[PDB]
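Enquirer: before the rest arrives, take these chains from my complex:
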Amino acid sequence: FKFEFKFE
Amino acid sequence: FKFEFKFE
Amino acid sequence: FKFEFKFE
Amino acid sequence: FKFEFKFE
Amino acid sequence: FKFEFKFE
Amino acid sequence: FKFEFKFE
Amino acid sequence: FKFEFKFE
Amino acid sequence: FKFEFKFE
Amino acid sequence: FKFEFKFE
Amino acid sequence: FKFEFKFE
Amino acid sequence: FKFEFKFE
Amino acid sequence: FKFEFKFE
Amino acid sequence: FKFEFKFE
Amino acid sequence: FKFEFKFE
Amino acid sequence: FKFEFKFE
Amino acid sequence: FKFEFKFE
Amino acid sequence: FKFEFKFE
Amino acid sequence: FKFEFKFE
Amino acid sequence: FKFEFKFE
Amino acid sequence: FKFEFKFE
Amino acid sequence: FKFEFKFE
Amino acid sequence: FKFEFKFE
Amino acid sequence: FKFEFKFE
Amino acid sequence: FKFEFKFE
Amino acid sequence: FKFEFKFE
Amino acid sequence: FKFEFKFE
Amino acid sequence: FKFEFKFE
Amino acid sequence: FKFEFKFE
Amino acid sequence: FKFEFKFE
Amino acid sequence: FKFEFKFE
Amino acid sequence: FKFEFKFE
Amino acid sequence: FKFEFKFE
Amino acid sequence: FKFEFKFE
Amino acid sequence: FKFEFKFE
Amino acid sequence: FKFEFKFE
Amino acid sequence: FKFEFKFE
Amino acid sequence: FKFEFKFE
Amino acid sequence: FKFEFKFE
Amino acid sequence: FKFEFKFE
Amino acid sequence: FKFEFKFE
Amino acid sequence: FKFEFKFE
Amino acid sequence: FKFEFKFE
Amino acid sequence: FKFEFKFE
Amino acid sequence: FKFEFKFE
Amino acid sequence: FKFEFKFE
Amino acid sequence: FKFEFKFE
Amino acid sequence: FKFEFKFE
Amino acid sequence: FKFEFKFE
Amino acid sequence: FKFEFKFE
Amino acid sequence: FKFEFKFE
Amino acid sequence: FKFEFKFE
Amino acid sequence: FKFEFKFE
Amino acid sequence: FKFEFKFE
Amino acid sequence: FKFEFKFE
Amino acid sequence: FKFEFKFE
Amino acid sequence: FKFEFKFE
Amino acid sequence: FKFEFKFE
Amino acid sequence: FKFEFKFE
Amino acid sequence: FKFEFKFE
Amino acid sequence: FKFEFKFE
Amino acid sequence: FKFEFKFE
Amino acid sequence: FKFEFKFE
Amino acid sequence: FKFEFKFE
């Protein structure tokens, strides 16, 4: 159950 | 169940 | 069951 | 339950 | 229950 | 309960 | 309860 | 309760 | 209660 | 209460 | 109450 | 109260 | 009150 | 009060 | 009050 | 007051 | 006041 | 005042 | 005689 | 014989 | 016979 | 006769 | 028979 | 007849 | 029967 | 009839 | 029956 | 009927 | 019944 | 009916 | 009943 | 009814 | 009752 | 009713 | 009552 | 009512 | 996060 | 062979 | 997220 | 065989 | 962080 | 068999 | 850091 | 069997 | 560094 | 059984 | 380096 | 039983 | 190198 | 019982 | 190399 | 009882 | 190699 | 009692 | 910023 | 399967 | 910087 | 399952 | 630099 | 489960 | 360089 | 559980 | 080089 959050 | 979140 | 969300 | 957090 | 925080 | 902290 | 802190 | 500290 | 400190 | 100290 | 000091 | 000292 | 000194 | 001295 | 000296 | 001397 | 000398 | 002498 | 099965 | 089935 | 099932 | 099961 | 279940 | 169980 | 439970 | 229990 | 509990 | 207890 | 408690 | 107690 | 206390 | 006491 | 105190 | 006292 | 004092 | 005294 | 599996 | 799996 | 598989 | 697992 | 498991 | 586990 | 476990 | 453990 | 344990 | 331990 | 212990 | 110990 | 001990 | 010891 | 001891 | 000892 | 001793 | 001794 | 997701 | 996310 | 997450 | 994160 | 985390 | 981190 | 940590 | 670290 | 540590 992955979750990535890239800001840039 | 991956979830990608790019912001830029 | 991927899900991408690109904002930019 | 991974959680990725990139900032750059 | 991993948690990564990359800054760079 | 791992916790990753990269700074570069 | 691990904790990594990479600086580089 | 491990604690990692890399500096390079 | 480990503690590592790698410099290199 | 271990304490690791690498220098290379 | 261990203490290691590796230089190399 | 051990004390390790590696030099190589 | 041990003390080790390894050189190699 | 042991004292270890390795040289190789 | 031990003292070891290993050379090899 | 022991004294160890290894040479191999 | 022991003294050991091992050569091998 | 013992004195040990091994040669093998 | 392997069998890979990826999901995500 | 190897067999992959990558769904995503 | 080997069998993998990687969900993520 | 292995069976791998990854989650994340 | 071997069985792994790696959650992360 | 092993059974592995990883968490993290 | 062997059983591991590695938390980390 | 072992039972391993790792923490860290 | 054997039982380990390794904390670290 | 052992019981291991590691700390570190 | 045996019981170990190794602190280090 | 033993009881081990290590420190170091 | 036996009791050990090894400090090192 | 023993009692061991190691130091080193 | 027996009592040991080994210093080394 | 013994009492051991080692030194070395 | 017996008493030993072994110095070596 | 003995008293042992070793030296070496 | 329920799971169901059948083999053979 | 045969295989079956359910998620959620 | 049901799955069905047959080989051979 | 059969298998079942629940998380959370 | 509850867990449930059934085999066989 | 059966299995159950709770964390936190 | 509470723990709960049941087998069989 | 049954098991229980508390840290901190 | 408090500890609590119950078995059976 | 029961168990309890305090450090520091 | 204080210690506290209770069994049974 | 009960137990107590102080170092330093 | 002071020591303190109490049993029972 | 009771116990006490001083070194140095 | 001074020593101090008290029992009972 | 009481005890005292000096070396050197 | 001087010695000093007192009992009681 | 009292005791005294000289060597060499 | 707000987000909401539903599946099934 | 339900999800939620909040940012900023 | 702020963050909030909900699952289930 | 609830989560929170704060930065800066 | 500041950081804060909450779970549960 | 609560956490805190400070740097610099 | 400075560092501070809090848990619980 | 409280922690502190200083470097340089 | 300098270093300082505090716990508790």
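Expert: Looks like it came in fine. Numbering: from 1, shown residues only, chains lettered A, B, ... in the order given.
Enquirer: just checking, residue A:6 touches residue B:5?
Expert: Yes. If you go by Cβ atoms under 8 Å, residue A:6 and residue B:5 touch, sitting 6.7 Å apart. Backbone N, C-alpha and C define where each C-beta goes, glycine included.
Enquirer: settle it for me: which of these two has more neighbours?
Expert: Using other Cβ atoms under 10 Å in any protein chain shown as the criterion, residue A:6 and residue B:5 rank with residue B:5 on top: 20 against 17.
Enquirer: what's the closest non-adjacent residue to residue A:5?
Expert: Excluding the flanking residues, the one nearest residue A:5 by Cβ to Cβ, 6 or more residues apart in numbering or on different chains is residue B:5, at 4.6 Å.
Enquirer: quick one, what contacts the one you found?
Expert: A:3-6, C:5 (Cβ atoms under 8 Å, 6 or more residues apart in numbering or on different chains).
Enquirer: from the centroid of chain A, which residue is nearest?
Expert: Residue closest to the average C-alpha location in chain A (Cα atoms, centre = their mean): residue A:4, at 1.5 Å.
Enquirer: spit out the contact partners of that one.
Expert: B:2-5, D:4, D:6.
Enquirer: same thing but at 10 Å, please
Expert: B:2-6, C:4-5, D:2-6, E:4 (Cβ atoms under 10 Å, 6 or more residues apart in numbering or on different chains).
Enquirer: as chain BL, please add this:
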Amino acid sequence: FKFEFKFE
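Expert: Time to bring in chain BL:
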């Protein structure tokens, strides 16, 4: 619990 370290 307090600590200090100096090098060079």
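Enquirer: once more for the contacts of residue A:4, now including chain BL?
Expert: So residue A:4 contacts B:2-6, C:4-5, D:2-6, E:4 (Cβ under 10 Å, 6+ apart).
Enquirer: what about the strands in chain A?
Expert: For chain A, no strands are identified by DSSP state E.
Enquirer: so what does the closest residue to chain T within chain A look like in phi/psi?
Expert: Closest to chain T within chain A is residue A:2: 11.3 Å, counting by Cβ to the nearest Cβ. Note on residue A:2: backbone dihedrals following degrees, to the nearest 10 are phi -70, psi 170.
Enquirer: now it: how far from chain AI?
Expert: The spacing between residue A:2 and chain AI, counted by Cβ to the nearest Cβ, to the nearest Å, is 64 Å.
Enquirer: what does residue A:7 give?
Expert: For residue A:7, the distance to chain AI - Cβ to the nearest Cβ - is 69 Å.
Enquirer: that residue reaches residue B:7, doesn't it?
Expert: Yes. The pair residue A:7 / residue B:7 is scored as a contact, 4.7 Å apart, by Cβ atoms under 10 Å.
Enquirer: for burial, what's the neighbour tally of the residue of chain A closest to chain T?
Expert: 17.
Enquirer: ditto for the one 5 residues further on
Expert: The number of residues packed near residue A:7 is 16, by other Cβ under 10 Å.
Enquirer: pick out the residue of chain A closest to chain AS.
Expert: Nearest residue of chain A to chain AS, counting by Cβ to the nearest Cβ: residue A:1, 31.8 Å away.
Enquirer: here's chain BM, drop it onto the model above:
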Amino acid sequence: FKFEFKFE
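Expert: The block that follows adds chain BM to the chains above:
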């Protein structure tokens, strides 16, 4: 080469 240590 120089070294210095403090505890307590």
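Enquirer: the contacts of residue A:4 again, this time with chain BM added?
Expert: Each residue near residue A:4 by Cβ under 10 Å, 6+ apart is listed here: B:2-6, C:4-5, D:2-6, E:4.
Enquirer: do the same with residue A:8
Expert: Taking Cβ under 10 Å, 6+ apart, we find residue A:8 in contact with B:6-8, C:8, D:6-8, E:6-8.
Enquirer: mind doing that once more with 8 Å?
Expert: Each residue near residue A:8 by Cβ under 8 Å, 6+ apart is listed here: B:7-8, D:6-8.
Enquirer: and what of residue A:1?
Expert: So residue A:1 contacts B:1, D:1-2, U:8, V:7-8, AK:1 (Cβ under 8 Å, 6+ apart).
Enquirer: out of the residues you listed, what pair is the most spread apart?
Expert: Using Cβ to Cβ, the two most remote members of these are D:2 and AK:1, lying 13.5 Å apart.
Enquirer: and the residue nearest to residue A:6 when sequence neighbours are not counted, bridged to which residues?
Expert: The shortest distance from residue A:6 to any non-neighbouring residue, by Cβ to Cβ, 6+ apart, is to residue D:6 (4.3 Å). Here residue D:6 shows beta-bridge partners residue A:6, residue E:6, assigned using DSSP bridges.
Enquirer: tell me if I'm right that residue D:6 and residue F:6 touch.
Expert: No. Contact criterion Cβ under 8 Å: residue D:6 and residue F:6 do not qualify, at 9.2 Å.
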